[PDB]
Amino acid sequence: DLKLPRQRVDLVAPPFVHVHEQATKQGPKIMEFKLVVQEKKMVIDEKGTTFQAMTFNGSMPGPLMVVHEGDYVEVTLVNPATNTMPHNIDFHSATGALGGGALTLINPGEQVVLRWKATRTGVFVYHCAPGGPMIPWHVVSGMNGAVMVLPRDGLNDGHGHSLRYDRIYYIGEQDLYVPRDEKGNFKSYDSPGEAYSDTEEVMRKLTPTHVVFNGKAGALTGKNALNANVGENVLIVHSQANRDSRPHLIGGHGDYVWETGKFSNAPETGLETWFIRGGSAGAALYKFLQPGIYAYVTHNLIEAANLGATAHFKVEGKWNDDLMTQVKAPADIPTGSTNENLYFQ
């Protein structure tokens, strides 16, 4: 009889995060979460390609859950009767029973309640894992998200100093494997089950057709760019449940980065690009110092520009010409430099 107070949590869709505290004086709680599996067709690129997705709570990625070390996490996983196949959930944050997967298999029309103790700090992947070849297929169909287990005293730099974020975003990256017809056009299917055989053939060759943030090419650009302001310290949680990624903030840095994502380790400082090993989450803090657009990418630039994996930040504030300035705008090349410039051919 676990005799701890209960605390409900209201999840929100990525890239935003439910309300939470960093440092807390609360004691351990039973933190109550609900995830509802949704099988649904989704648009994944700017040309309108559709996909038979499988998700937690209707999004790719599933929502970020936030708890503190020593909390107990009680998850009600629901599999609506309109879905077509069994699902479960594996928390990489949890200990035992294949992360929970061996205790959460549910058919359409069922729900189950799992409790796991948050004994390990960091950001962690969660994902569906029904068994055998269905494990990769459910994951790369969209059934993955992340959970953050904060120390009770919040984050620190590993050298005795507290670190605090003013804003948090969760960037879930998804590798997708979309069959093509003989002409090269992406194929559409009327159900996930119908897509499976052709999709497995693409999966086998290990080369995604799309690599996207928040479920679709362009999802976090334009009207949906991520907002920030000069002076704000922003935590960027990045997950990839199946395949490596190399995040980079174009025009910025990672001031403090937990590449492997685990807060019992000191973060690395001043990174250009970091590395999220497939099957994990990591996190980076950065304090914005300049206004403007920033692109946030995986720095395989082919994947970023051509397969979907670019987000934007729109940062308001005043430009700092000490950090960077255009000394001279574009102008003619002086003819007096001709010889000198021939040495650099």
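So that there is no doubt, residue numbering starts at 1 and follows the sequence shown.
**Q** Higher mean Cα B-factor in the deposited model: 155-163 or 227-235?
**A** Looking at the record's C-alpha B-factors, the answer is 155-163.
**Q** When the Cα temperature factors in the entry are averaged, is it 77-85 or 138-146 that ends up higher?
**A** Looking at the recorded C-alpha B-factors, 77-85 comes out higher on average.
**Q** Pick out which of 277, 299, 40, 287 has the highest C-alpha B-factor in the PDB entry.
**A** Going by the entry's C-alpha B-factors, 40 comes out highest.
**Q** In terms of the CA temperature factor given in the entry, to which third of its chain does residue 115 belong: lowest, middle or highest?
**A** Middle third.
**Q** Per the entry's values, where does residue 186 land by CA temperature factor relative to the rest of its chain, in the lowest, middle or highest third?
**A** As the PDB entry reports it, the C-alpha B-factor of residue 186 lands in the highest third of its chain.
**Q** Check where residue 196 lands among this chain's C-alpha B-factors and tell me if it's the lowest, middle or highest third.
**A** It falls in the top third of the chain.
**Q** Just say lowest, middle or highest third for the CA B-factor of residue 205 relative to the other modelled residues in its chain.
**A** For residue 205, the deposited C-alpha B-factor lands in the middle third.
**Q** Can you tell me whether residue 293 has a C-alpha B-factor in the lowest, middle or highest third compared with the other modelled residues of the same chain?
**A** Residue 293: CA B-factor falls in the highest third of its chain.
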